[PDB]
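**Q** Protein chains in written order, with the deposited numbering: chain Cb, 1 to 23, 90 to 337, 363 to 606, 615 to 632, 854 to 880; chain LB, 12 to 228, 268 to 391; chain CH, 2 to 477; chain CO, 2 to 43, 83 to 95, 104 to 110; chain LV, 5 to 139; chain CL, 2 to 43, 51 to 62.
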Amino acid sequence: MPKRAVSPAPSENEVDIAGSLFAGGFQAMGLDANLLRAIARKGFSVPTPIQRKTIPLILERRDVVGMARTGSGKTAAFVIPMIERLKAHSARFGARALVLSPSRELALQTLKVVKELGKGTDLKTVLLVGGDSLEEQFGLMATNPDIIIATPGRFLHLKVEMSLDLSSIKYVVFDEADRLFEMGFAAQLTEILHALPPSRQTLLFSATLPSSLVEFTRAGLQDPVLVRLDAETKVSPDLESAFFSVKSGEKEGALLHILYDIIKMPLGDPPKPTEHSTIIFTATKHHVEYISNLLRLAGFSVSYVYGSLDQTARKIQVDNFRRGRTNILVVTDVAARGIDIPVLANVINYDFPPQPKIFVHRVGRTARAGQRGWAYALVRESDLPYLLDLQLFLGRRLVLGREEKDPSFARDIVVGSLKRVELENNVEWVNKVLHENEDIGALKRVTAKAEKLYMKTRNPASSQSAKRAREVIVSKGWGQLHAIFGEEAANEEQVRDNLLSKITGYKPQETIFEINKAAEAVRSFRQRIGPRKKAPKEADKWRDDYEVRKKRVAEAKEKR
Amino acid sequence: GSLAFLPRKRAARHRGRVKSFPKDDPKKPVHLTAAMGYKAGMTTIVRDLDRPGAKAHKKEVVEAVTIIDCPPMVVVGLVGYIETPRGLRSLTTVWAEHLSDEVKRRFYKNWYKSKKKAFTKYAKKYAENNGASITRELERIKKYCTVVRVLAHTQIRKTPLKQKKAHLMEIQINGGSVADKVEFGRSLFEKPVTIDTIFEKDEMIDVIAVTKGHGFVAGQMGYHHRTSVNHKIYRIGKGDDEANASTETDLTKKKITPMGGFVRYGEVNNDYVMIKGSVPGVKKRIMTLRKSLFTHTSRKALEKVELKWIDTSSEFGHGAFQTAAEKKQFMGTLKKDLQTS
Amino acid sequence: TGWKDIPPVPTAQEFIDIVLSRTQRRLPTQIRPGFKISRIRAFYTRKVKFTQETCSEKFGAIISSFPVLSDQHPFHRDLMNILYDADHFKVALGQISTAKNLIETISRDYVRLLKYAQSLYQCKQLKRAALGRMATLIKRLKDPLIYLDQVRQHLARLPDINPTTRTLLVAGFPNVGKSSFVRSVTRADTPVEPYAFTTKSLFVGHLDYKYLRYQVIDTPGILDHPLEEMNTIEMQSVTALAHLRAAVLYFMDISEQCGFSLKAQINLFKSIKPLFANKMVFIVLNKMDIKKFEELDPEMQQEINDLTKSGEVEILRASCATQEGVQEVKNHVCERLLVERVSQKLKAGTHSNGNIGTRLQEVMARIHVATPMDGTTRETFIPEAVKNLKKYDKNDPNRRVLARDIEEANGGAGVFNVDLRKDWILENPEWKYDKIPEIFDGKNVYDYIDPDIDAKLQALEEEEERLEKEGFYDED
Amino acid sequence: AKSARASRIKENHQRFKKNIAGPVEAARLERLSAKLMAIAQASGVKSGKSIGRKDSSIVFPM
Amino acid sequence: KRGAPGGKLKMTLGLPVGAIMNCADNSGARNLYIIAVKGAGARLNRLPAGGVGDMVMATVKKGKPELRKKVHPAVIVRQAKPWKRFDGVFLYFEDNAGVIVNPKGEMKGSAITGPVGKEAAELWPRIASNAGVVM
Amino acid sequence: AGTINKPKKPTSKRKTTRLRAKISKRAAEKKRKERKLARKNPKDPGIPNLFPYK
RNA sequence: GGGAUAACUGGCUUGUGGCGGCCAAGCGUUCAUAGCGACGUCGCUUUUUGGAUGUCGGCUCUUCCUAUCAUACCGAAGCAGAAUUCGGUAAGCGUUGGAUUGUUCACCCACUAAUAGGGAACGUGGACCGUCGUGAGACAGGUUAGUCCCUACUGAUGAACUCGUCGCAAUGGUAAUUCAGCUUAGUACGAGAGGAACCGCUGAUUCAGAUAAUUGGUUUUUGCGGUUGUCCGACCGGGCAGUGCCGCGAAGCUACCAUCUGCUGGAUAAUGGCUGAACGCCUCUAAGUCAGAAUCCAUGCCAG
RNA sequence: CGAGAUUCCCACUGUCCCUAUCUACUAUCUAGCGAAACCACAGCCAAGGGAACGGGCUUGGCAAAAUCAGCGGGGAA
Ligand SMILES: Nc1nc2c(ncn2[C@@H]2O[C@H](COP(=O)(O)OP(=O)(O)OP(=O)(O)O)[C@@H](O)[C@H]2O)c(=O)[nH]1
């Protein structure tokens, strides 16, 4: 029953940098002495670029939209100026600062950051999350906090129950707004926006900017300034790229070949990332589970983190990866933007991204701080138009097969085919596993259905991309070996495949039926296609511990 | 509910009408088709299953079985029916002399205030050499009739009930020529017929009764004439044996009646029929046993039954003592019994 | 696994007849002028939508069910290309998509027209016109349906090989004896009729070789054409020889009875040599019984040995008529193939690094043989009876009785009742078929079974006699 | 599943009736009739051999 | 073949759809959530109920993070609802327990904790094989 | 077909006066329309061969 | 503001488009050319590479139709087997959900033999009188328009036919459904993979009629045991808590919370035949006739 | 009595149902007394009955006193 009961939990990660149509120390920023001491105790010595760019604007009281990945310090970025503006508890009744976060874990993280950075101040901070006692929340509101950290649904429920007045709120923060919209909090978010007074400073911190989020910001923010994490879209020059044209029936074997030979990954548990750091990005959570199980069967140290995974499980997996207990990390898109990913050395995309900008994000996930990175793509015939959209977006010359003897794998988009021998052996072993163990077969069937649904639900390409995709398929470079396999290989396969190219380029004279009405129809069809030029229970006397249980009952009665 | 059994009607007669008898062919030997008893109650048996292909084959199986107290029935009449373009119709009936007091109570309604005159002139006609008329009636039955039924009555004076009015019923004689079956009935006059005679061991039959009326909390719900088909007699007990409930497996000399007697029925001293499964009707009620109209089509029939024992613990409570002997032995001596002794 | 589970596709008139039959039969059909105009338009638009839905589901099933040419193994893609022109197949399966898409476009068009319809006759003629458009579309689609039905039939009646598994191909000129060899080596029926192109399609059999499956393929044959011009049968032959990663056997005969000169086979084999350079190839001199390897001319011997000179070729003798050496040749070639496969399997996992793969660790764990350090062997209990009884053979007439035969004589599965009493072994035989008392006087006879109970009863009786002397029952 | 009144099931039931239950019920009724018999033996006009009269909506009143 | 046991006698089914039963094998799950009973009939307003020896769709609500919130087939091994046995014996269990099983019959775990019903053991051979206590 | 064992809905031959009147009016209209078309506007077979004295 | 229609359909509805040309038997102004004119074909839609939906509903129940989803039966198909597709005879049988949504279907996925379509009078539970504006409107202004009877049916009784017992059966209703396992059999078949069916046997689902031997549940049996607080100054026994509460509990009633039972002959429809005319061949049909569906009709069953 | 050892549960909800408790509403028979609304005359069904007009009428199905309790059929814009 619960197979795609509602929908694929990771739907898509849509981004719209067209939202850009909106428009060195803490002592140098001149914060209060107590706030500076709290920051020093916390250990923030050099501000990261996100807060270095946002905090002056927030102190200048301008609405802010911040494009920043998780872990860059967004919470600190929007709490430090908030505390600097507050500076004290207000004797007048009414909350002054409000923060809306998707989940209780993120709310708790924000609460801990607020407490640690406001150690010493008399500010009263409250947490309003689902599962807590409504009476306890009423008591906290009676104690009148100055800072509120809450989820939209619980905050709306409390506001409706208590007829709370939000006119005293001057500081509003939307943490993880793209996650809010993906979870569907938009209606009560708009209700809270309507309830809040117009004279407020709005900050919205997000990793992605979907179109719905852009519309919401345009409708609810007063002249928002868009701050972005520096060159998040600029592809690092130290990133090396190789793209492999692979068939669906050989595609898992191709992935195994890349893991075995192209990376030369060791097998088994490894004896702060590692030297290899192999991450794989896929489309669906079913693909994540299938690839993870297949790779653990193959002998890799694989941690898998997918969208709708349990919180504790995802923390354990991310901890294992970041401490180097596992070398491969399998993620689609959602868990990727969710979790903190350290510096990586190898990035492989199993399912090609629909959006070149998603590809840019996935390849900027590696090759950072001047370190060299490697990126391998698995591209199918159906995925080629998206590769062409990507090459238009990146402005890089296309090298098909071996048109150039020494193509620049960093500046030129190089696409080729993988080695036939090892490809076929990995395909054989994959087929053997699929035939042998039934669990993997069931996973194959469910991930195939999920891939079919993803094909229907994927955003389409452009007409011209489809066009020169046809001409690329016609071109010889589609079936030729990749430039990474060696000039001696080029020699042997060039000696051979030319007659094989003639075999593949056979135009049969007549079909075997021509060798009846069906035959006549085939012949006429041929002429037509001719090419165009709780108290304890009462003590029982028979019960062994009769007197003891009577004493317990009497003690409970005295306790009342 | 089922449309074949609605609207819910009361049973016009407390006895229960047989309606249909098995089809007759002359080739079989002569036999009666029906018998009557009284539902005494049910007990529990365990059986060594002899059903090949079954999961519980050759294993102990626990089943619930109805006891029907079946005193010998007395033949008191013959009837001759003739076939007509309007159905069967009673051509003529012959009675027997020395009719019992209880069958006379059946013929009467207020017996206590009526001077016993019924069938007196008929007995006189027998006695005063109107055997001419007797043989005339018998010859008419032999010559013109195709179906003969024996009038037989069951005897409350042996059953352990406060009732005193007998129970009458017509029972067809099949398997033979008309003259043969008329002679057989004429021999049958004034002789008790046992259930060992009518029915036999380990066989499948049909049972007619009136299912209980659930009265006093859209209309009549209960008290319906029902003939439940395909119920298997497993055992026939003898009364006089006193080893009736006794089975070859346990040589425990006891009768079919558990400790304290049957609840709301009493204790049976007669021939009894022990049949598998729940059976329509209640205690003290007349139960009509008859043969199946068709030859059987399952191994459940012609499956031979071997018994182990019969539950004789008191059904008035959750007792576990089969016999008074083992009970008085296990409980030991009590102060009241000691003071009496 | 194959391609037989491909649903049949109908002709144009068929598909029209069934589609219109569904839209006639599966929906309500009666409407009245007195009914509301809204209900009238709803009725007619429901008709149009159902016709759209059935046409779309059928065409979607057809396309998504036919094979996707350029995702299969190169053998499969080129084999289906030579059997069936890939470009033409693709333009067909194209026309059918464009036609379905135009069907949905017409569907929305007439949905808006019916939504803005104003009269019963309006809805009448609108529905008639729409259904006419779909009818005409299928009428033009008449020929692709026939072509796709034919390709479906063959792709169903297509042999299914496994390119990855251990395979042995048999190739050469026609009439050499390839079919005879394959019938000799495996249980596959191949026409052995003696004319030039007897087999027009690839034939497949299977064999076992020390508990291991091998698949043997018989190919039709190749003539002296330089692969630029070919018959389609020779093209599927060469495609198999080129894309099936397998052991290759080239059958040639010293006698020119096949109709080709020894020089002709030599030229053909050197022409196809680069296609076999990577592989292991085995030239088999067939019909040695009629023409042995010695008597042919010395320069013929010299040229065949010069062919032998290369290191990935081998020479074998065989005579398929009398089966002189078929067992030996198959054993030897499959043995070398097995050794090569073992080498490849070892390398996959022995790849340079220093850490062995988990599968390789498991295979060492399996192959490892345990033996006690003490080196002692336990004494065994094998009886002389089972030593000298006879082996169980089903065809043997003077047979044992068998419980199965007893069952079949006395009924069947649900009829025969087994009797354990015959199997009972007892001192006194008539002990069997006797009931065993179990419970007596409410105490368990089995629980109170005990030998020497006579002596124990004597002891109890002595004790009771002592008690009686003591007067242990008197009243005071 | 075939109906209880299917022709094939009826034919199989008739075969079972004639081949299996037949002899068993025959022997049963034989011993039953034997015990029945055990228990049972356990002027023309003036004598009554000639059948005479005892002691109309079919014909119109006359 | 659809996942319905063949050759099972009648019993008092005591596990309805949506039931939190405890886990038996060492797979790591702490409880299984009965959500759909395989082989149940199609009756309106009637909640499908399962007994010992029936494969039932289960979801791990509480368990190890690796196996949490996972749906796989599972067969009932222990039921606390009293049921009778053809020897006329009414019996019931302390808890409600089932072992995770693939649709062919291979159990994901390796050892079965606690006792095992005779019905489950007889209907499924490997449950008898890997069951250490069956009564 | 099983019409022999299970007859269907009968088709009544008892004509209604309303239907009869409608048929009469429409047929009269048909006659008038034929006359209108005729007014709007826009070979002997010979003696039979089988005649004995042709 | 005047005038006009009081209003709609009722042998109406369905599965196969329109425009133009070619062809076209016949008919026609006098003749296939004043011209009308079906089926087909050609050209356009239409081709060289695979979301629409406004108020509604939601549930249950009875009955009926078939334009049949499944069960049964056959005809055809490269239908090896298995799994299927199309066609028709068939209404006895049964015909479940989740997502999504204003809400439905489409599509999507989960069971399941299967989740087929409908009918039942679409079955039962505002507009002027105006006032203030005329390049457009407003009016807390008004006048105001605006529904408990009979009887069929069933059950239980019932007057007279003298009372009672045992019977007959005209008539009316009618009931069984599906799945699974063993054997056949790893057989027939098959290159492999896989993989049947008949006969026989054993279970299970639903429905129907029963029953309390055994197992849970229910305690105005107020049965047995325990126990709370109160007052009558105290014992006493009481009112006491519209039957005080807590344990066990018989009988009875029950339970998809337990057990039992559910049945056979004929005639048919699609179809397959026999004999054999029309028509010197031929033919299942014309005469005669055989087999054949869960179909129909009766027995079995209920009422009388 | 053993620090005795081991196993199960505890959350919230602007969600549904049941059971527990509170308030309020609820009661039958025979005697005696004893109205009112309403009433052109009465109510089986099927088809027909031009004018969506049927209880009259035509053709049929049929049709047996009288009570109590359930039940469903009719009464222009
Ligand atoms: N004497 C002899 N004749 C053989 C032998 N092998 C094949 N043949 C001949 O081959 C003829 C049949 O041809 P195939 O056996 O099918 O040879 P092929 O290479 O498969 O070629 P095709 O006939 O086209 O299939 C037979 O008539 C034999 O005479 C052999 O070993 N000895």
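The beta carbon of each residue, even a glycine, is placed where N, CA and C say it ideally should be.
Three-state secondary structure (DSSP) at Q183(LB)?
**A** strand
**Q** Any idea if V318(LB) is buried or exposed, counting beta-carbon neighbours within 10 angstroms, 16 or more meaning buried?
**A** Taking all protein chains shown into account, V318(LB) has 16 or more neighbouring C-beta atoms within 10 Å of its C-beta and is therefore buried.
**Q** Could I get the ranges of all uninterrupted alpha helix (DSSP H) runs contained in the region 240-273 of chain Cb, with 4 residues as the minimum, in chain order?
**A** Along the length of the region 240-273 of chain Cb, whole alpha helix (DSSP H) runs at least 4 residues long occupy 243-249 and 252-261, reported in chain order.
**Q** Could you tell me whether the Cβ of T63(LV) comes closer than 8 Å to any Cβ of chain Cb?
**A** Yes - at least one Cβ of chain Cb is within 8 Å of the one on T63(LV).
**Q** Using a Cβ-Cβ cut-off of less than 8 Å, give me the residues of the region 52-67 of chain LB that come near chain CH, in sequence order.
**A** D61, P63 and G64
**Q** List the residues of chain LB whose Cβ lies closer than 7 Å to the Cβ of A414(CH), in chain order.
**A** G64
**Q** Using a threshold of 8 Å, state whether the C-beta atoms of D321(LB) and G369(LB) are closer than that.
**A** no
**Q** Apply the 10 Å Cβ neighbour rule to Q302(CH) and answer buried if 16 or more other Cβ atoms are within range, or exposed otherwise.
**A** exposed
**Q** Which residues in chain CH have a C-beta closer than 7 Å to the C-beta of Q174(LB)? List them in chain order.
**A** Correct list: empty, because the minimum Cβ distance to chain CH is about 36 Å.
**Q** Can you give me the start and stop residues for the beta strand (DSSP E) that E214(LB) sits inside?
**A** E214(LB) -> beta strand (DSSP E) spans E214 to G224.
**Q** Starting from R16(CO), follow the alpha helix (DSSP H) in both directions and report where the run begins and ends.
**A** That run of the alpha helix (DSSP H) goes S8 to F17.
**Q** Does the Cβ of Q216(CH) have 16 or more other Cβ atoms within 10 Å, making it buried, or fewer, making it exposed?
**A** buried
**Q** Does the region 542-561 of chain Cb come within contact of the region 616-624 of chain Cb, defined as at least 3 CB pairs closer than 8 Å?
**A** no
**Q** Provide the residue span of the beta strand (DSSP E) that contains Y447(CH), from first to last.
**A** Counting along the chain, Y447(CH) falls outside any beta strand (DSSP E), and DSSP gives it neither H nor E.
**Q** Can you tell me whether DSSP reads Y96(LV) as helix, strand or coil?
**A** coil
**Q** Note down the Cα distance separating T323(CH) from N163(CH), rounded to an integer number of angstroms.
**A** Looking at the two C-alpha atoms, the distance is approximately 31 Å.
**Q** Measuring only the C-alpha atoms, how far is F277(CH) from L242(CH)?
**A** 8 Å
**Q** Output yes if chain CH places a C-beta closer than 8 Å to the C-beta of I594(Cb); else output no.
**A** Yes, contact with chain CH.
**Q** Using a C-beta to C-beta distance shorter than 8 Å, which residues of chain CO count as neighbours of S144(LB)?
**A** Simply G88.
**Q** Let's test the definition: count the other Cβ atoms within 10 Å of the Cβ of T44(LB) and tell me whether it reaches 16, buried, or not, exposed.
**A** Under this definition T44(LB) is a buried residue.
**Q** What are the boundary residues of the beta strand (DSSP E) that includes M47(LB)?
**A** In the DSSP annotation of this structure, the continuous segment of the beta strand (DSSP E) that includes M47(LB) starts and ends at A45 to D59.
**Q** Kindly indicate which residue of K50(CH), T30(CH), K116(CH) and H74(CH) has the alpha-carbon position closest to the one of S39(CH).
**A** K116(CH)
**Q** Count the other CB atoms, across all protein chains shown, that sit within 10 Å of the CB of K348(CH); report buried if there are 16 or more and exposed otherwise.
**A** Result: exposed.
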